[PDB]
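Asker:
Number of protein chains: 2
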Amino acid sequence: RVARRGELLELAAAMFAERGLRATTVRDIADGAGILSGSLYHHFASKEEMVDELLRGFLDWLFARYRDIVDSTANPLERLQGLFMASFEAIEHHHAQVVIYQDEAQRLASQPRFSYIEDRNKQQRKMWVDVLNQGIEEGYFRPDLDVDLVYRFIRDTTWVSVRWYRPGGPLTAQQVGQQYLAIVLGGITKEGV
Amino acid sequence: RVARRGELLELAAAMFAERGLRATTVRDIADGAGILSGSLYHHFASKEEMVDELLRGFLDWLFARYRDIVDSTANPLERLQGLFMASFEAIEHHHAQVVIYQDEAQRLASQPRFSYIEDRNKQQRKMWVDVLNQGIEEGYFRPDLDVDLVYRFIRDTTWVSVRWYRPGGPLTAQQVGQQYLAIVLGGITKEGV
Numbered sequence: 003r004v005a011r012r013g014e015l016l017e018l019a020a021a022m023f024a025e026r027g028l029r030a031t032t033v034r035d036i037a038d039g040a041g042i043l044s045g046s047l048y049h050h051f052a053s054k055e056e057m058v059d060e061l062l063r064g065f066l067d068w069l070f071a072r073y074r075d076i077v078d079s080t081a082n083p084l085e086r087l088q089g090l091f092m093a094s095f096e097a098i099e100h101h102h103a104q105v106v107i108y109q110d111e112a113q114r115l116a117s118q119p120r121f122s123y124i125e126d127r128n129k130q131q132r133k134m135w136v137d138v139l140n141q142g143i144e145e146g147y148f149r150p151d152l153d154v155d156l157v158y159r160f161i162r163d164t165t166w167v168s169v170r171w172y173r174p175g176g177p178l179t180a181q182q183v184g185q186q187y188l189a190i191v192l193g194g195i196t197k198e199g200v
Numbered sequence: 003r004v005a011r012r013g014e015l016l017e018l019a020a021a022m023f024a025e026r027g028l029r030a031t032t033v034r035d036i037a038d039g040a041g042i043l044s045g046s047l048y049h050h051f052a053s054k055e056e057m058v059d060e061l062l063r064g065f066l067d068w069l070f071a072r073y074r075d076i077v078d079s080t081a082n083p084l085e086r087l088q089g090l091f092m093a094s095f096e097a098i099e100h101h102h103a104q105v106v107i108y109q110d111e112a113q114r115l116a117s118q119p120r121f122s123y124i125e126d127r128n129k130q131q132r133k134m135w136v137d138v139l140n141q142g143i144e145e146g147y148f149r150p151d152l153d154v155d156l157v158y159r160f161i162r163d164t165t166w167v168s169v170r171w172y173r174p175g176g177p178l179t180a181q182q183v184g185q186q187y188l189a190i191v192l193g194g195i196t197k198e199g200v
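Quick note, the sequences are listed as chains A and A', same order. A prime marks a further copy of an entry chain.
Counting with the authors' numbering, you get residues 3 to 5, 11 to 200 for the letters of the first sequence.
Counting with the authors' numbering, you get residues 3 to 5, 11 to 200 for the letters of the second sequence.
#1: What alpha helix (DSSP H) runs, 4 residues minimum, are completely inside the region 61-142 of chain A?
#2: Pairing CB atoms from the region 140-150 of chain A with CB atoms from the region 125-140 of chain A', are three or more of them under 8 Å?
#3: Can you name, in chain order, every residue of its own chain whose Cβ lies under 7 Å from the Cβ of residue 61 (chain A), other than the five neighbours on each side?
#4: Identify the residues that DSSP records as bridge partners of residue 196 (chain A): which are they?
#5: Contact defined as beta carbons within less than 8 Å: I believe residue 85 (chain A') pairs with residue 181 (chain A'). What is the distance between those atoms, to the nearest angstrom?
#6: At which residues does the alpha helix (DSSP H) containing residue 158 (chain A) begin and terminate?
#7: Run down chain A' in chain order and give the residues with a C-beta less than 7 Å from the C-beta of residue 183 (chain A).
#8: Check whether the Cβ of residue 135 (chain A) lies closer than 8 Å to any Cβ atom in chain A'.
#9: Going by Cα to Cα distance, which pick from A':46, A':123 and A':188 is closest to residue 88 (chain A')?
#10: When you check each C-beta in the region 186-200 of chain A' against every C-beta of chain A, which residues fall closer than 7 Å?
#11: Applying a beta-carbon distance threshold of less than 9 Å, which residues of chain A neighbour residue 6 (chain A')?
#12: Can you give me the Cβ contacts of residue 67 (chain A') inside the same chain, cut-off strictly under 8 Å, excluding the 5 residues immediately before and after it?
#13: I'd like to know if the region 22-34 of chain A and the region 71-81 of chain A are in contact, where contact means that at least 3 CB-CB pairs between them fall below 8 Å.
#14: Using a Cβ-Cβ cutoff of less than 8 Å, which residues in the same chain neighbour residue 90 (chain A') once the five nearest sequence positions on both sides are dropped?
#15: By the 10 Å Cβ neighbour count, where 16 or more other Cβ atoms means buried, how is residue 41 (chain A) classified, buried or exposed?
#16: Within its chain, find whatever has a CB closer than 7 Å to the CB of residue 174 (chain A'); leave out the 5 residues flanking it on each side and keep chain order.
#17: Would DSSP call residue 45 (chain A) helix, strand or coil?
#18: Identify whether residue 172 (chain A) lies in helix, strand or coil by the three-state DSSP scheme.
#19: Using a Cβ cut-off of 7 Å, pull out every chain A residue sitting near residue 160 (chain A'), in sequence order please.
#20: Taking all protein chains shown into account, decide if residue 14 (chain A) is buried (16 or more other Cβ within 10 angstroms of its Cβ) or exposed.
#21: For the alpha helix (DSSP H) holding residue 16 (chain A'), just list the boundary residues, first then last.
#22: Which class does residue 178 (chain A') belong to by DSSP, given the choice of helix, strand or coil?
#23: Between the beta-carbon of residue 148 (chain A') and the beta-carbon of residue 197 (chain A), is there less than 8 Å?
#24: Identify whether residue 4 (chain A) lies in helix, strand or coil by the three-state DSSP scheme.
#25: Under 9 Å between beta-carbons, which chain A residues line up against residue 152 (chain A')? List them in chain order, please.
#26: In whole angstroms, what separates the C-alpha of residue 50 (chain A') from that of residue 109 (chain A')?
#27: What does residue 147 (chain A) reach in chain A' if we use C-beta pairs closer than 8 Å?
#28: Beta carbons nearer than 9 Å to chain D: which residues of the region 77-89 of chain A' have them?
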């Protein structure tokens, strides 16, 4: 789930995601785990340190996926398809971490503890802009796309569904991602329209 | 700008949008306008009442636009194009209200004062689902689209750009919306790909 310490991190993540980081105290977490605060402090020095481990594990997992996808695909279309679907994998299997990132990363990024957030932000943009540029150059994508805008569109659409997606529901995040991807690639209009 | 009272509402909206509703006091607003709190209370009974007037004026303006668009377009493709662009008109010219809605509407909606929020939420969904259904039936849109999912995609993409769009920048919201719309309609892949 989180991309004894691991069990505690899982519980803390769920609580952070549901209630918000700042609204969650160490006492809250310790009580949730049915343990004393002193015992929780045998695993983590602070709630800030907990979020740090959560976001690091999440981003390390995600950018490892990106790497594997980039390495294993044969052209920019295959690559973009794989990279696009990775966010929905994250939504399905690392939901708490995704929600925590969405809700807290921008605020946290100004603290030295979380300097890696902007590092990864830069790395992800370069990744997307590179695949878009290569896809336009080789003729997989429309030639007059505004690459920065399409990057924005993709960044928006790969993660925006976490705001409404329900984990226990009928549609899986994968199915949502496949349909979202279909629109990104081919739009909603019929050929000839 | 806001879709003497009007000037004060403008100032309050900007402050609400920038700092958040709950973080903004009446004293803050009155000080911003260079007036006593008692004088501000000659226009509004509470900050809750201010937000109510802001969100009502905004939704009334927006759904009037929707109405005009529905009435003046000849087919579901034209209709969807017009309706889609209306959010970017809102982002450009009613930015504070859009941000306030995005950041506060879900929380406020449970209060009786704001019961119209869910009413409009239902009305907007029905609008989108109706144009999508009619477009599929008449052959403007792909036949096997999951209408509820495409509604979600459109709702997500029509408003998500307000999270990063900069009002003073080079691209206008209209240009962002036109490119977003182009992808929604025809995707990023070249014909044949």
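The beta-carbon is built from N, C-alpha and C at its ideal position, and this holds for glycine as well.
Answerer: Based on what the coordinates show:
#1: For the region 61-142 of chain A, the full-length alpha helix (DSSP H) segments reaching 4 residues or more read 83-100 and 102-115 along the chain.
#2: Counting Cβ pairs under 8 Å, fewer than three are found: no touch.
#3: Around residue 61 (chain A): 4, 16, 20, 104 and 107.
#4: When DSSP reads this structure, residue 196 (chain A) sits in a beta bridge with A':148.
#5: Not a contact, Cβ separation roughly 17 Å.
#6: 154-166 is the extent of the alpha helix (DSSP H) around residue 158 (chain A).
#7: 156, listed in chain order.
#8: Taking Cβ atoms only, chain A' never reaches closer than 8 Å to residue 135 (chain A), which makes this a no.
#9: Comparing Cα positions, the closest option is A':188.
#10: Of all residues in the region 186-200 of chain A', the ones placed with a Cβ closer than 7 Å to any Cβ belonging to chain A are 186, 187, 190, 191, 192, 193, 194, 195, 196, 197 and 200, in chain order.
#11: In this structure residue 6 (chain A') is absent; chain A' steps straight from 5 to 11.
#12: The answer, listed in chain order, is 5.
#13: With the cut-off at 8 Å, the region 22-34 of chain A and the region 71-81 of chain A do not touch.
#14: Residues of the same chain with a CB within less than 8 Å of the CB of residue 90 (chain A'), apart from the 5 flanking positions on each side, are 73, 76, 77, 134, 135 and 138 in chain order.
#15: Residue 41 (chain A) is exposed by the Cβ-count criterion.
#16: Here the set comprises 102.
#17: Assignment of residue 45 (chain A) by DSSP, reduced to helix, strand and coil, places it in the helix class.
#18: Coil at residue 172 (chain A), not helix or strand.
#19: Near residue 160 (chain A') (Cβ distances below 7 Å), the residues of chain A are 187 and 190.
#20: Residue 14 (chain A) counts as exposed, since fewer than 16 other C-beta atoms from the protein chains shown sit within 10 angstroms of its C-beta.
#21: Note, residue 16 (chain A'): alpha helix (DSSP H), 12-26.
#22: Here residue 178 (chain A') sits in coil by DSSP.
#23: The beta carbons of residue 148 (chain A') and residue 197 (chain A) sit closer together than 8 Å.
#24: Three-state result, residue 4 (chain A): coil.
#25: Here the neighbours are 186, 189, 190 and 195.
#26: Distance between the alpha carbons of residue 50 (chain A') and residue 109 (chain A'): 25 Å.
#27: Result: 196, 197 and 200.
#28: Absent here is chain D; the protein component of the structure consists of chains A and A'.
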